[PDB]
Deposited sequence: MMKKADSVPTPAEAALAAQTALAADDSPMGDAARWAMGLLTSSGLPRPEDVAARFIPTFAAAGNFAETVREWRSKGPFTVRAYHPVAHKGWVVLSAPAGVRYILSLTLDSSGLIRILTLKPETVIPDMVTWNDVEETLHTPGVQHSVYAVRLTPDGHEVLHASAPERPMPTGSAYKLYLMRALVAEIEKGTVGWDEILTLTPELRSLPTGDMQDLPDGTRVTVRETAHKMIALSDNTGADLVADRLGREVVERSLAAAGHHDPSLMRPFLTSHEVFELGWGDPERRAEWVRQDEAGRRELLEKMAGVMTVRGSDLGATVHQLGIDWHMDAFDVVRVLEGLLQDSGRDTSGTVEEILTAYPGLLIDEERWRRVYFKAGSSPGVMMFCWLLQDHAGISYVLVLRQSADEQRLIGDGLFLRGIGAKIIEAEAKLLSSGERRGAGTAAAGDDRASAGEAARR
């Protein structure tokens, strides 16, 4: 158990030594904060829209220092640096990178505090926020069903954002198995198929040719919305929908029509009249509205904010549905002797994982205004699997925040697995 001084020193050294895209970006961003006084444009994605306000943003950040590194948490294309400022005030620097190491998101925010968890009640009492509906569901998978380790509101259907991509993955695998689509088949990016971040594929030029395998990899590992939309277009909505009952969903009608990310963005934050039409329409009327809406996006990232999940403009499922889709994916992966499914599912575990404990970890996050979820399947080297599903929804995005809180609650549960999961 490293003492505070030990932990900070280790973090400082690790940041200095990290020879990776995240290490490069984190050191550069820390340089911005600690330094005496076009280099910016070269470090960020080409379409970085805050470039004008950025000089002021950095001035304001710098005014909060001086800063000392206390913790460093690189996780693939995501990274967090915990900083202490004067008088014991703490902040977190959050980085999200694109596929070549350019910065997409860079924030410096008040520290997200998550205590070490001893009991499930610690989890519940930490997580609870007035005005936020939450759910925690943890199970051990066994031959003859699931052993419930903890449950709060698992039966409640809730919006889950990009968790829907798990169903899309199962639908894709089902079609690969049938031979109607192939891993090396080429998908082509068109202006109409481009969606918003999360993801990187939207940044590719019109006409870019990508394999089904690479597109599915990004769909899961980067939560790539454009990747997901390319897959959903190739399979077709009917195929995606007809798959839902088999892949584990209890009431497919909640995700009919099964929306694309493009559709959620455009409907959710585009013209209000069209959105009011959705609300008053039945399934037929909604399908008709979506067909009419097909085309190039008008909605931009800056338009998002107001919650729309309460109108059905999201993907609703219960915690049991999440466990079923994950267990289904575990089965699909084992059946795939090529290891293609496994490589996609294990690429990004969402945390730094103890690989001596866990043979495989599947992970998926979901987020939309007023929506946050994280889920993991963890299987040890003996073959015992656990599934953890964390969900939050609210009428106001500010009650949820950037998702580090819920992720960090998951991190603490997994850290305390011997007490909370495998006791």
Quiz item: Which parts of the deposited chain sequence are absent from the coordinates, listed in sequence order?
Solution: 1 to 7, 45 to 48, 435 to 458
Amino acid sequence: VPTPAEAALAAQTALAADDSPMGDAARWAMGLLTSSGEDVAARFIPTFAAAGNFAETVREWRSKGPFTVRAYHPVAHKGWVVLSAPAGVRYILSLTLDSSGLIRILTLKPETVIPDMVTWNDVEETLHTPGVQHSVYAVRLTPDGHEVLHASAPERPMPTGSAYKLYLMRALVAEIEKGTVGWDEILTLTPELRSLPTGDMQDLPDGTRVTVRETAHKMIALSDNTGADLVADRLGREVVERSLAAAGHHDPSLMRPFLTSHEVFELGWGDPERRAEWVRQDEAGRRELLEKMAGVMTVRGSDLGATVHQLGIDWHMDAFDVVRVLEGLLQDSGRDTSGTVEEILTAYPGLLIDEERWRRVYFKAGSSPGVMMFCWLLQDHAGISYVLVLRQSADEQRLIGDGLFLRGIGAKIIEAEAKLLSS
From here on, numbers count along this sequence of modelled residues.
Exercise. Could you settle it for me: does 391 to 399 or 46 to 54 have the higher average Cα B factor in the PDB entry?
Key: 46 to 54
Practice problem: Quick one: say whether 107 to 115 or 274 to 282 has the higher mean Cα B-factor in the deposited entry. | Solution: 274 to 282
Quiz item: Considering only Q202, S243, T260, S162, which residue's Cα atom bears the greatest B-factor as recorded?
Solution: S243
Quiz item: Which of these, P130, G350, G248, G101, has its C-alpha atom at the highest B-factor, as the entry lists it?
Solution: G248
Quiz item: Can you tell me which third, lowest, middle or highest, the CA B-factor of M372 falls into for its chain?
Solution: lowest
Quiz item: By the record's CA B-factor, is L33 among the lowest, middle or highest third of residues in the chain?
Solution: highest
Practice problem: Would you mind checking where the Cα B-factor of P191 ranks among the modelled residues of its chain, as the lowest, middle or highest third? | Solution: highest
Practice problem: Quick one: classify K292 as lowest, middle or highest third of the chain based on its Cα B-factor. | Solution: highest
Exercise. Sorting the chain's modelled residues by C-alpha B-factor, tell me whether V264 ends up in the lowest, middle or highest third.
Key: lowest
